[PDB]
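Working notes, beginning with the structure itself.
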Number of protein chains: 2
Amino acid sequence: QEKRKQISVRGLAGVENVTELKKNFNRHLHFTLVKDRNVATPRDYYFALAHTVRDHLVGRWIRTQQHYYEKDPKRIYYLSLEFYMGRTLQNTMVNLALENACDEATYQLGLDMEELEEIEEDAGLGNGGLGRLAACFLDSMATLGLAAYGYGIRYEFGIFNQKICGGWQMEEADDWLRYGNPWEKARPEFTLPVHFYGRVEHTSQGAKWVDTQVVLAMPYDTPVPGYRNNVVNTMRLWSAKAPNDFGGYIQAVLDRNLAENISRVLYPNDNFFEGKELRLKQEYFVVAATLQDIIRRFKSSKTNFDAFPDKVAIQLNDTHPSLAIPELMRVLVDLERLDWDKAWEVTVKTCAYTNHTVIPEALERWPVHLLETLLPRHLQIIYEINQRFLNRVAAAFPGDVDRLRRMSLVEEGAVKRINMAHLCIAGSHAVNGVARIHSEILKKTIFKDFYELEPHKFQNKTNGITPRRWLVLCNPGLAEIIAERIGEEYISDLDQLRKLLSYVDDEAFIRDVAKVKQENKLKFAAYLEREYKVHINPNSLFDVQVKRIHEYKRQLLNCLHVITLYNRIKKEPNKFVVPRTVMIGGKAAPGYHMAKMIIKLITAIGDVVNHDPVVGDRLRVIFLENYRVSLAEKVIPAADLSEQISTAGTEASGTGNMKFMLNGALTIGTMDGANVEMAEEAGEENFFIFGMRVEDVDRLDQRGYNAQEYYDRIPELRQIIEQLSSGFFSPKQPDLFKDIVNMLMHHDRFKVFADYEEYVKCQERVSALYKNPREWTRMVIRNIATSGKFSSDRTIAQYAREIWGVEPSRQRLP
Amino acid sequence: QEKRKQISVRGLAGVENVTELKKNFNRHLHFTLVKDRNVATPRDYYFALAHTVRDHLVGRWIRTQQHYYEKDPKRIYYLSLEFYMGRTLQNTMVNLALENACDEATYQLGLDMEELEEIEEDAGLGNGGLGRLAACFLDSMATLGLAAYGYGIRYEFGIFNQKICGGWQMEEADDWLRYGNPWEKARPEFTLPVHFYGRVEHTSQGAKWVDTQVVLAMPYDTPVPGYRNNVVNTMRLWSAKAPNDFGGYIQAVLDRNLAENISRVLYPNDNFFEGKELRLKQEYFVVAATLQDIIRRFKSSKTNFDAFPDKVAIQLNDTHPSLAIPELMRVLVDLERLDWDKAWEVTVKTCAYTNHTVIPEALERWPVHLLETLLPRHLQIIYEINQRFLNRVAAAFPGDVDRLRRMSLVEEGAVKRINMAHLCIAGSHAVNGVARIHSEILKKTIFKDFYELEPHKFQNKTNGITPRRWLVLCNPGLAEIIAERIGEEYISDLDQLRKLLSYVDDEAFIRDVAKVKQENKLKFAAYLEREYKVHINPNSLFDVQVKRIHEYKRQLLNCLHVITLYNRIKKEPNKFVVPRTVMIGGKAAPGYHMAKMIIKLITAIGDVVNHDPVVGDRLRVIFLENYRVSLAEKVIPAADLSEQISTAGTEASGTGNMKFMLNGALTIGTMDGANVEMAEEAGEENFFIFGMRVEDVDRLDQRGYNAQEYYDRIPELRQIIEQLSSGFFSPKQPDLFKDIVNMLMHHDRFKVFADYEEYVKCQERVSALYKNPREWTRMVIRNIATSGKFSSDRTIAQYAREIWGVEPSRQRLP
Ligand SMILES: Oc1cc(O)c2c(c1)O[C@H](c1cc(O)c(O)c(O)c1)[C@H](O)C2
Ligand SMILES: Oc1cc(O)c2c(c1)O[C@H](c1cc(O)c(O)c(O)c1)[C@H](O)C2
């Protein structure tokens, strides 16, 4: 519509700017897409605009990288197996201040820019929180003027496209490069060899890794624009390519596929270590090519590796790139011929490690035999690291043999394994958790032994989200009513949102907050109708739980509440209840039968609830298909209630929680992860906090969790388990949910029933507030106004000062 | 050098043209290659110029295709499994008249354009003659203003890169898309489904092909510029892509490779049918996607399929796309619901078939079981075609049962097979050979039965080469001395070269012809030094045999001559002989042990000859590595003597013969293929014709070829076989050549020894003429001057008028 073109936060439609954009658009359509308007599809128009927008950061990208070469700052390398980037077109336009100019130029050409934006494929190179965190981090590091590089893998297929067929998840290949990627620049001239297998021989000079198989790593560079500071940083993603030279000639050519399979697809396993050789190869591939780049940049600067930690930070996003530690030692000792002790000093001062979960099944514990076959030299180095590290433990804690056994990089058993978390702590000068409660649990329990050896190593860095994608882009309406009162500085200084507490009693701001939410809901309600012919009641409370499907996130607890609301309506059909649209979305890991069963249960509950004429428009429950970064940008601004209901102690931080808080949703949740700090910032009176705290969970584990006690004492819970058992939600297959029932009653590691009573009552309080629109909106104002801490600019500023030793700067390039 | 910039045939360096080219060059380097001159490699500079040159044909390409849509001419579809295109940059510049402007613009930027041209990968999507013929044909059809489309497969790997290691061929993957292809435009929006396997069911309506596996065919469009007529035609190459939807999720994603393997690599088997399922899939893939395109274009024009043959010609390059015939019948009968007899009338009037060899092992004879599994509906249609075709044979030739058995599409035996040549003749209104002697043998022997049923079907179309790539581009020096005398019209009217017979006695032209040859030889001699550190004597006769390595091409006969020259020098070291550099090059099919042994024999003869101090610079024999279109453009203009020495009756035409004739080489050859017509055009007195004619070969077959008789009667031959046997050319492995010796003495299908005596004497006459430079050059003038018939413009004009029913035109577009 025109209205959106009038949005001040979207910048200026300069006459000359608009004229040049139209000309460059038409130029790309003719010379780049080789089409005239006669035959051009919306896809052609999307690509013409994407090429036009990309041209506007080429000068800045070249100048930024030239500026780092000349000024030689310390370089930050963010190593991750995942970059959950989403779409690039709107983000680029926001960060370059081109959004209103492009909007006007496309409008004058007869085009709806927002329809074109829907054509762009997500770069879905992530599973969830960790991947999206890497993405928010690249944006904040560019905005803070850091000389920062994202390093990862250019997966041919990202996280699988989820279809729901017969109420079940079906997985399809996320063919995101089908139509090409206008953002990336292939750098095949900067291709590097990566080695696999082979053997270690010992020459006059020392160890030599020989007889290896080569896979080439071909880098692809994507631009990362800072917010209006003329800074354009690089995300470098490596693509696997079969080496130059070699069933027959034909089979040998087809067999190039096996090496190229290394970058073929993202492992969709979110919170579970599988131990697949191909995943190990992906981890070594990204670490090996990346560290060659890092060493090359270091040596072409203003040799003596003493200065390497003053010019390089390597940040390990989880244990996935943990092989950086032995790889850096391998390069320094075997190729640069440093003494072991000097090499180790350099390695520890270079590397830092971010831990993202305490869940034991997440821990990377590679079989020694697999390491011995694939990476023989890395295994030798790991054993040497282990010897020297345990010698330090023995000196600090003389005769504490149990501690030596617990701290060892080597795990004894039927299969001997390397603990990659232990390797990361040993080879890193800093270890951080991703929220205060998580970082304290790391020092208290999980890494207590490591904390006692080296307390100075252990840090907190509470996660954050970029206010650019998660407010200005996704919710320009809310960004606009904020700018109208406090100006635009908050977009890169989010603590300025605290100025909004001055408007808790301002009739105009109260009106405007509620109006923006209603607009967002009408647009999302429309979306469901247009793309899925799904009708939702737009005067309903939007109750949203979007995140990966896991027992620990307790989508099942949400299911028990939804069926509780259904059964209360049936018992007292005459009694008024606040109408709800309950939306659950997210992907289940291919495999995880239980996660796939929970998706079927959500759709099955919907099948009953949504067709009961007594319920009608008072309650609707819908499974949002293919939850991904692009769909998060649509549903989160439309949300009234944010479900953050993980068992206390299980969610290290969460970032979806922060997105909802920034976009004018109230939160129902446990005192878990960053929920604790969110409630602290806003005041607990402005959060719907319920359920067991970590210490209540621990007291239940101490005496044993008996789900039967809850079943016996709670009539409403008993009625629901009996509906699930007897086939009420699967009449044509009455035993369909027996595995869910049996897990809840006898094998529930996440104590669903133990929080049921507090959850249902807490949800009653939510409904009671929603019936009072003014006080609902006033409480929302108090949440948005205190969301500033959860800016990833704040997080990155802390990494820069406390771990990397660099000073951030919002000062602009010319 | 500057001199080449002064070449009038290379066009004008307009001041504004040069200024715009430099600006667009710098523009591409910044916005396309994202590099500033600081860091730019010669590769960046090549790509910047390629993008700049490509931009200059975008308007013409769009207008040409729009012009065909509006004027609705009959469309020519040239279906081939091979397009042996070579490099595109220089060809584009020649056809757009930009060569001197680009040369000047790059010069002003401090760049050598010819060094940049060496960076471009050949599009090596061909094996040899048939593939390069398809390439010359696209060029001539554009130059003749035909509404012509090349349709083929976008192989990820073309013909293998040949390395010589220890004197043996080694094959490497021809990774021609490593750095990208600036010429092609991906059209993923015009992606089409191709079906494989499945089964035939019979509904109310008729046959239905069901339960198939889908492979997507994604088209890539390359421009084909005519010579300065503003015409830009299309080569559409299909890429295999796994369908949208589906060992586990991960194995299912990796298994997309199996479908994508269909377009992975060119079968390097030049003159041998192998019967590989994957080759059958490539043949159906190109035919199926192509015929969907053809039908779509037909229906979006100014339904009734009665007009289809008035608006479509399908030219089948060999039997490789022979499935077009049953596929067109399948579409017309099963999907468009035409009566069988009407469908057949349409199919025969649409399709024509070009035969390229009489060698039995070349004939495509697919097992019926393979067809039944992969293409069940095509097999049914082929059986129906066969029934109706043999019914016509039975009516024409009542009671001739032997003729029914010989003409059948179905070949009886242990394995029953479909003869694809028989299918092509049945389903085509025209059948042609590729030289007069070949086309007459087709009517006399191979297809005699078919000629007798339908004599009107059988045509000759003598092959040709484009005078653009094979004279103006590769030999601008010779193009220039010709233009100086007769102007530039000959470049698209090559019969104008006959005007050069007026200069046989012209002292200045004689001087200039010899000077251009000497320049070409000095440049090729330099090339060997720069790229291979190989020294050649530049006052030596350049004796060149470049072509695929096959027993029928008799590289071995050349080897016996080279060793004859070596042994004569050793016997009479004091006797003067014309110094020679004997150059043999070409690829052996992976497999063909004998072809690989012949390459080793050439290098082994070189190892002795090139290190014998008695011989010194008087005789050098070198194996030219990686013979391909780009290397043909270098060596052929430097050649003095063209070896075309195939056994009479074995080479259908040849095109290398024509390239040498156009570039000022004299020819030693058999009365075989187009050699016959070349000698007829120039006068036999201007050719070194030797050896058995077809009827002498036939008389030897009638009484039996006994190689021993030649061995017993020829002392010099006996001495050579004994050197090969005893290990003179393999001292460290004395029996290394026993298989070559045993084949020559007992299993020689190509009668090498039978032409030995005439060959050696004919070579004596060559040397005798070379000792007289004036008369050598005068005879060259008489060859170049009469090469005009062998223009592919002449060939295409004949296809257009005699088979396609369209009138050619050199008249320009605005
Ligand atoms: O930021 C948002 C928020 C939303 O709730 C929606 C958004 C974008 O775009 C969708 C959409 C789909 C299409 O298929 C279109 O063509 C189109 O223009 C917009 C739909 O309106 C819902
Ligand atoms: O048409 C011809 C004819 C030839 O005989 C040669 C040609 C081109 O280019 C080669 C060459 C190789 C390189 O590596 C270069 O850099 C370069 O400029 C030229 C070499 O001179 C030999």
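The sequence lines fix the lettering, A, B, ..., with proteins before strands; numbering per chain opens at 1.
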(message) Which one wins on heavy-atom pair count under 4.5 Å against chain A: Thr41(B), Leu278(B), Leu33(B), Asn38(B)?
(response) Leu33(B)
(request) Can you tell which part of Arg27(B) gets under 4.5 Å to a heavy atom of chain A, answering side chain, backbone, both or neither? (result) side chain
(request) Identify the two heavy atoms, one from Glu172(B) and one from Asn244(A), that lie closest to each other, and give their separation to 0.1 Å. (result) OE1-O, 4.3 Å
(message) Please identify, among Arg187(A), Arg43(A), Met218(A), the residue contributing the most non-hydrogen atom pairs under 4.5 Å to chain B.
(response) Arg187(A)
(message) Minimum heavy-atom separation for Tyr179(B) and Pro188(A), please, with both atom names.
(response) CD2-CG, 3.8 Å
(message) Just so I know, are the side chains of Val265(B) and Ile250(A) near enough to count as touching, which here means a heavy-atom distance under 4.5 Å?
(response) yes
(message) Within a 6.0 Å radius of atom OH on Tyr69(A), are there more than 12 heavy atoms belonging to other residues, nucleotides or ligands?
(response) no
(message) Are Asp44(B) and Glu189(A) packed together at the side-chain level, in the sense that at least one heavy-atom pair is separated by less than 4.5 angstrom?
(response) yes
(request) Working to the nearest 0.5 Å, report the span between CD of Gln251(A) and CG of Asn261(B). (result) 8.0 Å
(request) Could you give me the CA-CA distance, side-chain angles and deciding distance for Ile62(B) and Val34(A), then say whether side-chain contact (heavy atoms from CB on, under 4.5 Å) is met? (result) CA-CA 7 Å; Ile62(B) 295 170; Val34(A) 194; 4.2 Å; yes
(message) Is there a side-chain contact between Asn257(B) and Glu260(A) in this structure, where contact means two heavy atoms from C-beta onward sitting under 4.5 Å apart?
(response) no
(message) What part of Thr32(A) gets within 4.5 angstrom of chain B, counting heavy atoms only: side chain, backbone, both, or neither?
(response) backbone
(message) Less than 4.5 Å to any heavy atom of chain A: does that hold for the side chain of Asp175(B), its backbone, both, or neither?
(response) side chain
(message) Is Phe31(B) in contact with chain A via its backbone, its side chain, both, or neither, using a 4.5 Å heavy-atom distance?
(response) both
(message) Which heavy atom of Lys163(B) sits nearest to which heavy atom of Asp245(A), and what is that distance?
(response) CE-OD1, 3.7 Å
(request) Check each atom of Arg63(A) against the heavy atoms of chain B and say whether the ones under 4.5 Å are side chain, backbone, both or neither. (result) neither
(message) Given heavy-atom pairs under 4.5 angstrom as the criterion, report whether the side chain, backbone, both or neither of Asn161(A) touches chain B.
(response) neither
(request) Taking heavy atoms only and a threshold strictly under 4.5 Å, list by residue number the residues of residues 47-54 of chain B that touch chain A; give 'none' if the list is empty. (result) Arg54(B)
(request) With a 4.5 angstrom heavy-atom cut-off, could you sort out which part of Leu258(B) is near chain A: side chain, backbone, both or neither? (result) neither
(message) Show the nearest heavy-atom pair for residues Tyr249(A) and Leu266(B), with the distance to one decimal.
(response) CE2-O, 4.5 Å
(request) Just give me the residue among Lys276(A), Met170(A), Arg178(A), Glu156(A) that pairs up with chain B most often, heavy atom to heavy atom, under 4.5 Å. (result) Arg178(A)
(message) So for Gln65(A), is it side chain, backbone, both, or neither that comes closer than 4.5 Å to the heavy atoms of chain B?
(response) neither
(message) So for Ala186(B), is it side chain, backbone, both, or neither that comes closer than 4.5 Å to the heavy atoms of chain A?
(response) neither
(request) Please assess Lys35(B) against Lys185(A) for the test side-chain contact (heavy atoms from CB on, under 4.5 Å), listing each intermediate value before the final yes or no. (result) CA-CA 11 Å; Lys35(B) 291 235 212 148; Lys185(A) 190 62 193 56; over 6 Å; no
